[PDB]
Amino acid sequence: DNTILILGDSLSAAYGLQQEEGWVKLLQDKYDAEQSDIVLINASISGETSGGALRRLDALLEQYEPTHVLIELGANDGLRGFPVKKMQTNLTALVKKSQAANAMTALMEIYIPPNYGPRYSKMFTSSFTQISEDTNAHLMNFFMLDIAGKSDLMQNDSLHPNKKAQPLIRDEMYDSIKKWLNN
């Protein structure tokens, strides 16, 4: 039983693509073809924030009783310049609710452009390390780091990865998930 609830935003919800082209579904295809027992449940919603997810999580945990929760949230809070202290409170509560439901929890590190200056971007990214220290959630590398500088992998809007990016993200997530579940 390695059932992983993916609590993400547009970076995991196949924004601008068909759901079947998105990395979560491509990653399940890979698992299915390699005799894995991992099952991904995608609960990602485009535009989701840390506080919006917090309002949904109790119901998702009751619904699926996942053994693992992988959080990929906060980019929308940071793009909007929301206070990092409040995002940190919200993400910590997400982790603690997941752990209280017996789910092993991972948190993806997120990076944002300096739309509110470099110091806010550092405050924002460092908060994920602080939540991991506070909760013991497993920190995951941001899969966009090696994608966002490649224009052939990004949609016209320069924000969302395109269809070509999805197999690449699938392979980074295969590796990050494998390291977590051996970790």
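Residue numbers run from 1 along the displayed sequence.
Q: Decide which of the stretches 126-134 and 147-155 has the higher mean C-alpha B-factor, going by the entry.
A: Mean CA B-factor is higher for 147-155.
Q: Taking the recorded C-alpha temperature factors, which stretch has the higher mean, 63-71 or 47-55?
A: On average, C-alpha B-factors are higher across 47-55.
Q: When you compare the CA B-factors of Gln28, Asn141, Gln35, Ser121 as listed in the entry, which one comes out on top?
A: Most elevated C-alpha B-factor of the set, per the entry: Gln35.
Q: Considering only modelled residues of the same chain, in which third does the CA B-factor of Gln19 rank: lowest, middle or highest?
A: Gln19: CA B-factor falls in the highest third of its chain.
Q: Mind checking which third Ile112 falls in for C-alpha B-factor across the chain?
A: Highest third of the chain for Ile112's C-alpha B-factor.
Q: Report the third (lowest, middle or highest) to which the CA temperature factor of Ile6 belongs, ranking only the modelled residues of the same chain.
A: It belongs to the middle third of the chain when residues are ordered by C-alpha B-factor.
Q: Quick check on the deposited entry: does the C-alpha B-factor of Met173 sit in the lowest, middle or highest third of its chain?
A: Tercile = lowest for this residue's CA B-factor.
Q: So where's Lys97 on the chain's Cα temperature factor ranking, which third?
A: According to the entry, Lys97 has a C-alpha B-factor in the chain's lowest third.
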